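Residue numbers (the authors' numbering), protein chains in the order written: chain A, 25 to 148; chain B, 7 to 51; chain C, 329 to 574; chain D, 6 to 76; chain E, 47 to 131; chain F, 6 to 49; chain G, 7 to 58; chain H, 2 to 164; chain I, 4 to 109; chain J, 4 to 86. Quick notes on the structure that follows.
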Amino acid sequence: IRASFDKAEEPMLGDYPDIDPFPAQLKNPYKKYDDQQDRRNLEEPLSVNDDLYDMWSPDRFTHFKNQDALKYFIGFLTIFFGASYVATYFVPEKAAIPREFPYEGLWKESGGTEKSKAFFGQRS
Amino acid sequence: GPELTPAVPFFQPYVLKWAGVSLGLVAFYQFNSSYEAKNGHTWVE
Amino acid sequence: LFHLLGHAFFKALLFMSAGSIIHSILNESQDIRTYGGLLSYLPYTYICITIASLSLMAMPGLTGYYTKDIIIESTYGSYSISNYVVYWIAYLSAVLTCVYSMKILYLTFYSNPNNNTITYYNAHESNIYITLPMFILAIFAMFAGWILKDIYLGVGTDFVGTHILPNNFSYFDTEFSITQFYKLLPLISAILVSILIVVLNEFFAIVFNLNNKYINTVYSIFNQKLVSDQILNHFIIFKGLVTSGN
Amino acid sequence: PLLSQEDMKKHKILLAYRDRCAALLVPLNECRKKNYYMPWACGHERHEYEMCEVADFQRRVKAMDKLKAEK
Amino acid sequence: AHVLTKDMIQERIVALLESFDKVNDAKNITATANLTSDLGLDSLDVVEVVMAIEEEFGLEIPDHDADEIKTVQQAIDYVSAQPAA
Amino acid sequence: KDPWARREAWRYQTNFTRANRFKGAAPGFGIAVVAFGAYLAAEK
Amino acid sequence: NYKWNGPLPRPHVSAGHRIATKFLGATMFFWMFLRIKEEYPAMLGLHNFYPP
Amino acid sequence: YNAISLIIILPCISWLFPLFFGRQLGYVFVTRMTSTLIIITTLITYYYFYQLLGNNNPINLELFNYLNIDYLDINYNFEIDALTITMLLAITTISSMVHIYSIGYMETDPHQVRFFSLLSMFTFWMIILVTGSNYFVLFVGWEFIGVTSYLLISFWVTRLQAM
Amino acid sequence: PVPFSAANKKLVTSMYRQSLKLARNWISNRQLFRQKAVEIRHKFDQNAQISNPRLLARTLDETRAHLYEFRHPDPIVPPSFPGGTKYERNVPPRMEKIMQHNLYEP
Amino acid sequence: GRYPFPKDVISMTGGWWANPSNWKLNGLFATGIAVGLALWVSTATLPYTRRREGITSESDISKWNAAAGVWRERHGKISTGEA
Ligand SMILES: CCCCCCCCCCCC(=O)OC[C@H](COP(=O)(O)OCC[N+](C)(C)C)OC(=O)CCCCCCCCCCC
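In C-alpha cells:
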C-alpha cells in the first residue's frame, strides 16, 4: 500500500487481501512469534510484494531518511574531491630536476630503435 | 580432557570404494606408461 | 609489498588480542563502551595489543615505522607535482589512525569500569593456545620490519625484479629531497595526538561527550559506515530487486 | 667510471638503476648476495652507493636552480 | 564457566536495593516486598530500579514486561527465567 | 544529588583510582632503562 | 565474588603471564631505545643533502 | 624433498582429510593434525625464502595442460619468486598462528572439524592463488578463496545476520 | 491525555526509560552519564504535576521530539539478545524423530 | 557448555563434538595415509621441477633472436614506432 511498486499492483489483484506491508526487520523482536527468526505468526496474510519485506530482504536502516543519506553521501564525495582538486593549485615546486640516464635515456635497453627513439627512451 | 564419543572404524565403505578406484586408476596409468616404455606402445592402444 | 608483509603481522595480532579481550568477558560483549578498565585484570593482552597498536602507529624503531613512514614520504617525493595533496591526505589518515588506536586502548584498559561487578570478578586471561601465538606475532611485529627493510627497501636491491620505468622511479628523490619538517611531522604528530587523546579522555571528557545536535549528526553519519551502506542497500540493491519484480 | 653497456648487461642491472655509478651498484649487490640481505652487513658498499647518489642528486638540485634562475 | 543460582540473584538484588538511597529503609526490604507499597518507591523510581537491575545482570527488559514486575519476588523469578543472565 | 552514588563508588575506588588505573601501562620500562644504560656503557 | 557494590580485590594473575608481560615490555622498550640511538640522525632528519 | 610440492600439497591435505574423515577422527586429532601440517608448511616456506635470498633462481613446477585449443595454451604452472615468497611468508605465518589460536578460541564449539577444515582450505587456495604462473591459476585461487569466505562468514549457520 | 492515569503512567515511564538508555548510549564517560541522568531526573520532576490537557499534550509532544532528535545510530544491546552478536548463535537443535516419506526407501 | 543433539544425524564432518572412542588408532591410520600421500607426490612431481634461469644457453637465445630478425626481414617488418 505504502510504496509505489505495491500501489502499482492494486489493479492486478482480484479478491486477494490488499495488505499494508511492514518490514519484518522493523517489527520489534521481543514479541513472541511462531517462527521467531522470521518474526511471523502462522496464517498471517502476506503482502503481494512480501519477498521485499521479509527478514531475508535487504536490510533497511532507519537513522537517516534515504534522501537525506543520499545528500550526505554525495556531499562527502563532492567536498573531498573538490578540496583535493583545488589543493592541486596551491602546490610547492620541487627542488631537484628529474633524473636522467646515459645513451639518450637508455633507449637501446628499453628495446627501441634508431628510427623510433621517442617511443622508447628516457630523459637522457 | 574433553569428552569422548563412540568409536568409529577408520575405513568406511565409501573410503574403501573411492580409495580403491582412485588408486587402481593411478596404478593402471603407471602400468600403461611402463608397458609403453617396454613394448613401444601402451597396453590400452 | 613491504607494507603488506609488515601489516599482515601486527593486524593479525590486533585481531587476536581483540578476541582474547572479548573472551575475557562473561557477556562476551564487543562494544567498546561496556569494557571499562581491564589494565589490572588483563596485563598480557594489554601489552600485546599495545605492541600491535604502536607498530600500527609507526612508532620509531618498530616494524610499522619502516613501512608506513616511507610510504607517506614517497608521495611528497613523487615526481608528479599533483601528489603533494596526497601527502596531506595520507598524513591526515595517519593521525586519524592514532586517534582510534588510542580510543580503543583507553576505553578498554585506561577508563573507569563500565561493566558490572561480576564480570570484573571473573575477568581472567586466556589459555596457552591463545597466548603463545600472540607472543610470536609480537616478536614479529617488533623485529621483522627492521630485519627485512634491506630486502624490500634497499638502495640498489634486486630481490624483487620488477622492471620500473626509469622515468617513474623516484625512491632516491623521496629520500634526498625530503626536508626535516616533512620527515618529522608524521612522527611528532602521532606521538602528540596519542598523548592528547589520552589526556583529554582522562581529564576533559566533556569535549568528547558533548551534546551538540550538529556534531551528533556528523557523528551519526560517520558511525554508519559513512552512510554508504544505506546508499547501496536502498538505491542499488533494493531498486534492482524492484526492477526484477517489474 | 661509467659502466660499459656490455658490463651493465652482463651484471643484469635493473633499467632504473643503470646510471653514472651502477659501477658501485655491482659490488654492493654482490655483497648483498653473499650475505643474506642482512641489515647489519654490506655497510661500506651501501654507504658508497649512497654517497654516489648524494653527488648525483646534488648536480640535479643545482640544475633545477639554474633552470629556476633563467625564469 | 559461570552459573548463577536463585539465591545469588536474590543476594545481588537485595544489595542493589540496599544501596539505593530513595528507599524508605534497608531492613524492611523483604523477598516479597512491594517497591511501590512497602519501600514507597515513586512511579519513576521503580523505573530507575529496573534499569539498575538490567544493567547489573546484563539483560534488556521490554517495556511491556518491565512495568509488570511489582514485587521483588517477581523480579527474582523473572531474572532466573532468562538463560543468559 | 545522586541516589545511586553508593552503587557507583567501587568504580572509582582502589583498583580504579587514577594512580592505580595507569599503573602497569609501561611494563618492563625500568628494566629497559637499566639495559639501555648498561648497553651505553658497554658499547664504549 | 564475595563483595558487591564494594571495593574490588586486587586481581590474581598467573606468574607466567606477569613474566611474559615484563619480557615483552622490556624487549619493546629496549628495542625502541636501541633503534633511536642507532638511527637518530637519519630518523630525526639531519645532514641535508642539498648544497650549502 | 621438493619445497614447492610440499608447500602446495600439505595445506591441501590439511583441508581434505578432515572433510573425508572427520567422523572417524574427531576434533581433537583434527585440530592437532591441521595445525601441525600448517606448521610444517610454514617452516618449509621459511627455508625456501632463506635459500632464495641466497640465490634468486626461482623454482618452477609445470604440470598437465588445462587447455590447448587454438592459440590459447593454459597449463597448471606454479613458481615461487620474490613476490610469491613474500606473500607466502605472510600467508603461512598467519595461517599457522590462527590454527594454533583456534584450538583455544574454539574449544567449546560443537563444529570444530568443519571450522578447521575451512581454515586449511582457505590457506590452500590462497597458496594456489599466489603460486600460479599464469592468470588462469590466479583466477582459480581467486574464486575459491571467495567460496571459502562465504563458508566461513556463515560458519554459524543458524544466525540470520551471519548468512 | 489524563494528567494522572495508568496509561499516562505507562507512557511516561516508558519515555523516561528511553531517555535514560539514550543518555547511556551517548555518553562514554560514567561520571558524565551520571550527571546527565540526574539532570534528566530533575527535568521530569519539574513537569510532573501538569494538569490541563493542552499544556500536558504539548509537553509530551515536545519531549517526544527531543528524544527523536537525540536517538543514537547504534544502541548498546547485550550479545544474547536480538540486536546482539551472539543472537541465534549455535541454537540447539530441536529434538525430533524422523518421519518417513516412502514405503521402500528411508 | 553443551546441549542435547539428535544422534541419528550423520554428517561426514562428524556432527556435534565428534570425539570417537577409538580416535587415537584412527589417528595413526590418518597420519600414515598423510605421510604416504605427501611423500608420494613430492617424489612424483620431482621430474617436472626446474629453475627459472640457466636452463638454456646464450647461444640458443641469441640464435633465436637472430632467426626472428631473419623472419622479420623476409617479410616486410618495421619496428614499433619506427615510422
Ligand atoms: C591432489 C593433487 C595432486 C597433483 C599432483 C600429483 C600427481 C603426481 C604426478 C604429477 C603429474 C601430474 O600431475 O599430471 C598427471 C597426468 C600426467 O601428466 P604429465 O604429462 O606427466 O604432466 C605434464 C608435465 N610436462 C608439461 C613437463 C610434460 O596428467 C593427466 O593424466 C591429465 C588428466 C587429468 C586427470 C584425470 C581426471 C581425474 C581426476 C578426478 C577428479 C575428482
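Ideal placement from N, C-alpha and C gives every residue a C-beta, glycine not left out.
* Asked: What distance in whole Å lies between the Cβ atoms of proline 82 of chain A and residue 575 of chain C, which are believed to be in contact at a cut-off of 8 angstroms?
  -> No information on residue 575 of chain C is available, as it lies outside the stretch 329 to 574 that chain C covers here.
* Asked: Going straight from the alpha carbon of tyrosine 51 of chain H to that of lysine 431 of chain C, what length do you get?
  -> For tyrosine 51 of chain H and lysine 431 of chain C, the distance between alpha carbons rounds to 40 angstroms.
* Contact belief for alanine 33 of chain J with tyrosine 28 of chain H at Cβ below 8 angstroms, rounded distance in angstroms -> A Cβ-Cβ separation of about 13 angstroms leaves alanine 33 of chain J out of contact with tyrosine 28 of chain H under the 8 angstroms criterion.
* Per DSSP, what kind of secondary structure is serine 140 of chain A in: helix, strand or coil? -> Looking at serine 140 of chain A - three-state DSSP - the assignment turns out to be strand.
* What does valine 94 of chain I reach in chain H if we use C-beta pairs closer than 7 angstroms? -> By Cβ distance, chain H contributes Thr159.
* Asked: So, helix, strand or coil for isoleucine 70 of chain H, using DSSP?
  -> Strand.
* Asked: Would you say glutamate 102 of chain E faces chain C, with C-beta separation under 8 angstroms as the test?
  -> By this cut-off, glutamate 102 of chain E is an interface position.
* What do you reckon, is the C-beta of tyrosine 51 of chain J under 7 angstroms from a heavy atom of ligand 1? -> Yes, the beta carbon of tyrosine 51 of chain J sits closer than 7 angstroms to at least one heavy atom of ligand 1.
* Any idea if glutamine 146 of chain A is buried or exposed, counting beta-carbon neighbours within 10 angstroms, 16 or more meaning buried? -> By the neighbour-count rule (16 or more Cβ atoms within 10 Å), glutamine 146 of chain A is buried.
* Asked: If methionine 43 of chain D and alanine 120 of chain A are in contact, beta carbons under 8 angstroms, what's the gap, nearest whole angstrom?
  -> No, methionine 43 of chain D and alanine 120 of chain A are not in contact; Cβ-Cβ is about 31 angstroms, not under 8 angstroms.
* Asked: Got a sec? Which residues, its chain only, sit under 8 angstroms from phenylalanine 550 of chain C by beta carbon, not counting five neighbours each side?
  -> Cβ within range, chain order: n/a, list empty.
* To do: Determine contact between the segment 34-45 of chain I and the segment 532-550 of chain C, defined as no fewer than three beta-carbon pairs at a distance below 8 angstroms.
  => The answer is yes - the segment 532-550 of chain C touches the segment 34-45 of chain I, with three or more Cβ pairs under 8 angstroms.
* Buried or exposed: where does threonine 22 of chain F fall if 16 or more other Cβ atoms within 10 Å of its Cβ makes it buried? -> Here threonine 22 of chain F is exposed, its C-beta having fewer than 16 other C-beta atoms within 10 Å.
* Near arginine 23 of chain D, what residues of its chain come up, given a Cβ to Cβ distance below 7 angstroms and the 5 sequence neighbours on each side ignored? -> Its chain contains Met13 as the residues whose beta carbon lies nearer than 7 angstroms to that of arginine 23 of chain D, once the 5 sequence neighbours on both sides are disregarded; these appear in chain order.
* To do: Taking only heavy atoms of ligand 3 into account, decide whether any of them is closer than 7 angstroms to the Cβ of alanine 127 of chain E.
  => Ligands displayed in this structure: ligand 1; ligand 3 is not among them.
* Between the CA atoms of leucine 28 of chain J and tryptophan 16 of chain H - distance to the nearest angstrom -> Cα-Cα distance, rounded: 20 angstroms.
* Asked: With respect to 7 angstroms, is the separation between the Cβ of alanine 47 of chain J and the closest non-hydrogen atom of ligand 1 below this value?
  -> Yes, the Cβ of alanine 47 of chain J comes within 7 angstroms of a heavy atom of ligand 1.
* When every heavy atom of ligand 1 is checked, does at least one fall within less than 7 angstroms of the C-beta of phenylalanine 143 of chain A? -> For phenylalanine 143 of chain A, the Cβ stays outside the 7 angstroms cut-off from all heavy atoms of ligand 1.
* Asked: Does DSSP put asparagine 38 of chain B in a helix, a strand or coil?
  -> Assigned with DSSP and collapsed to three states, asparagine 38 of chain B falls in helix.
* Asked: By how many angstroms is the C-alpha of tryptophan 45 of chain D removed from the C-alpha of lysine 49 of chain F?
  -> Between the C-alpha atoms of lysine 49 of chain F and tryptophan 45 of chain D there is a straight-line separation of about 19 angstroms.
* **Residues within the segment 51-83 of chain E neighbouring chain G, beta-carbon criterion of under 9 angstroms** => Here the close residues are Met54, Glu57, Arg58, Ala61, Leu62, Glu64 and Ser65.
* If we count Cβ pairs, one from each stretch, closer than 8 angstroms, do we get three or more for the segment 373-383 of chain C versus the segment 23-32 of chain G? -> Yes, they touch.
* N-terminal and C-terminal residue of the alpha helix (DSSP H) that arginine 53 of chain J is part of -> In the DSSP assignment, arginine 53 of chain J falls outside any alpha helix (DSSP H) and within the unbroken beta strand (DSSP E) covering 52-54.
* Cβ of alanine 13 of chain B within 8 angstroms of Cβ of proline 7 of chain J? -> The Cβ atoms of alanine 13 of chain B and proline 7 of chain J lie no closer than 8 angstroms to each other.
* Any chain D beta carbon closer than 8 angstroms to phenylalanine 55 of chain G -> Taking Cβ atoms only, chain D reaches closer than 8 angstroms to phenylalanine 55 of chain G, which makes this a yes.
* To do: Given a cut-off of 8 angstroms, decide if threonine 46 of chain H and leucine 90 of chain H are closer than it, judged by their beta-carbon atoms.
  => A contact, by the Cβ cut-off of 8 angstroms.
* Is the number of C-beta pairs between the segment 380-387 of chain C and the segment 446-456 of chain C that are closer than 8 angstroms three or more? -> Contact between the segment 380-387 of chain C and the segment 446-456 of chain C is not established, with fewer than three Cβ pairs separated by less than 8 angstroms.
* Asked: Rounded to the nearest angstrom, how far is the Cβ of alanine 21 of chain D from that of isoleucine 492 of chain C, given a contact under 8 angstroms?
  -> The pair is a contact, with the Cβ atoms about 5 angstroms apart (cut-off 8 angstroms).
* Where do the N-terminal and C-terminal ends of the alpha helix (DSSP H) with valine 141 of chain H fall, by residue? -> Where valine 141 of chain H is concerned, the enclosing alpha helix (DSSP H) stretches over 136-154.
* To do: Please go through the segment 19-101 of chain I and give each complete alpha helix (DSSP H) segment of 4 or more residues, from N-terminal end onward.
  => 33-49 and 56-72, all fully within the segment 19-101 of chain I.
* Limits of the unbroken alpha helix (DSSP H) element including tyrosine 113 of chain A -> Run containing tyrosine 113 of chain A: 90-113, per the alpha helix (DSSP H) assignment.
* the segment 534-548 of chain C: positions lying closer than 9 angstroms to chain I by Cβ -> Residues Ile534, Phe536, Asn537, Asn539, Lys541, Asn544, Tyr547 and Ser548.
* Alpha carbon to alpha carbon, what distance is there between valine 521 of chain C and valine 93 of chain E? -> Rounded to whole angstroms, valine 93 of chain E to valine 521 of chain C spans 41 angstroms at the Cα level.
* Members of the segment 359-375 of chain C that neighbour chain E once the beta carbon cut-off is set at 7 angstroms -> Hits within the stretch: zero.
* To do: Would you kindly check if the distance between the Cβ of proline 461 of chain C and the Cβ of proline 32 of chain F is under 8 angstroms?
  => No, the Cβ-Cβ distance between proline 32 of chain F and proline 461 of chain C is not below 8 angstroms.
* For a contact meaning CB atoms closer than 7 angstroms, what does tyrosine 54 of chain A contact in chain E? -> Against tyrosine 54 of chain A, the close residues of chain E are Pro108, in the order they occur along the chain (beta-carbon pairs closer than 7 angstroms).
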